[PDB]
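This document opens with one chain alone, in structure tokens, the form deposited in one PDB entry.
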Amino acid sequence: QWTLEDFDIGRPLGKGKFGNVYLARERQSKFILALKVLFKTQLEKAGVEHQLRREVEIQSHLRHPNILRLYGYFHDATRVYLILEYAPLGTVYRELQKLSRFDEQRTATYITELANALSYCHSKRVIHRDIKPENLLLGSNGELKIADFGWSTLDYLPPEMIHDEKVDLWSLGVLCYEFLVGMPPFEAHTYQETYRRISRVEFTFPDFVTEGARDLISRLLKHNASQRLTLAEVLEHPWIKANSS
């Protein structure tokens, strides 16, 4: 039975779609966490109030080092509060912008962590949609954490979304490419060109992308969703094996 006065509120972490997220301390435990505040009126205007309840119910049963932990949740009358794990090292997107690109070791390790988290949920009959780098947070140990509401931008959508269990495989291909190159593979100057690139699966590798990486990405980025390299096969990939930590 959590209440708002059980928490001391610190700095805002960022503005979002339905509200704000803050650094916070639970008063009894002195534990550092993130409190996500979502306004009910905005959820009602979008018509996602029931969707959020079902989402939060799923996440409350998910316990994996590479999925952001939901410790609990509560409401008052106008706001919905989510008690979330705090990630001290920020987003993977920000890390990518700072370095411009990741090396093979970091890329393979992130993909392994993603595949592990998605495989864990698969055994619990839980599926994920598209994955964005801004929704991947980094813990103190340098481990990636999936932090979104996709448990059940055009640049990250598969051809079928422009769909069921195989969306996340396309996402892994896009992310692996972006981690190594610094930009998503279907990046274009217009919406129409970006749409065409995705639908026709038209992407190219710069010269610095190694053959092992190219093989992994090409097996992932297929129009035929059922023929995409699966989570088990990704973890078993020669390039992943050789480069993951």
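Numbers for residues come from their place in the sequence shown, where the first is 1. In this text, rigid core is short for the largest set of C-alphas that superpose within 1.5 Å between two forms.
- The modelled chain is continuous from residue 97 to residue 98, with every intervening residue of the deposited sequence accounted for.
- According to the PDB entry, the deposited sequence contains 4 to 9 residues between residue 162 and residue 163 that lack coordinates.
- According to the PDB record, 48-56 carries the higher mean C-alpha B-factor of the two stretches 48-56 and 61-69.
- As recorded in the PDB entry, 32-40 is the stretch of 32-40 and 212-220 with the greater mean C-alpha temperature factor.
- Across 145, 75, 132, 106, the greatest Cα temperature factor reported in the deposited entry is at 75.
- Take 157, 126, 111, 169 and read off each C-alpha B-factor from the entry; 126 has the highest.
- In this PDB entry, residue 153 carries a Cα temperature factor that places it within the highest third of its chain's modelled residues.
- Among the modelled residues of the chain, residue 180 sits in the lowest third by CA temperature factor in this PDB entry.
- Per the PDB record, residue ranking by Cα B-factor puts residue 242 in the middle third of the chain.
- When the modelled residues of the chain are ordered by C-alpha B-factor, residue 186 sits in the middle third.
- Sort the chain's modelled residues by C-alpha temperature factor and residue 15 lands in the highest third, per the entry.
This protein has a second form, the form deposited in another entry, left out of what is shown; the following refers to that one.
- Rigid-core fit between the shown form and the other one: of 96, 138, 127, 83, the one residue whose Cα shifts 2 angstroms or more is 127.
- The Cα position of residue 48 differs by 2 Å or more between the shown form and the other one after fitting on the rigid core.
- In the core-superposed comparison between the shown form and the other one, residue 22 has its Cα shifted by less than 2 Å.
- Inter-residue distance, residue 220 to residue 127 (Cα): increased by at least 3 Å in the other form versus the depicted form.
- The gap between the Cα atoms of residue 18 and residue 87 is smaller in the other form, by no less than 3 Å, than in this form.
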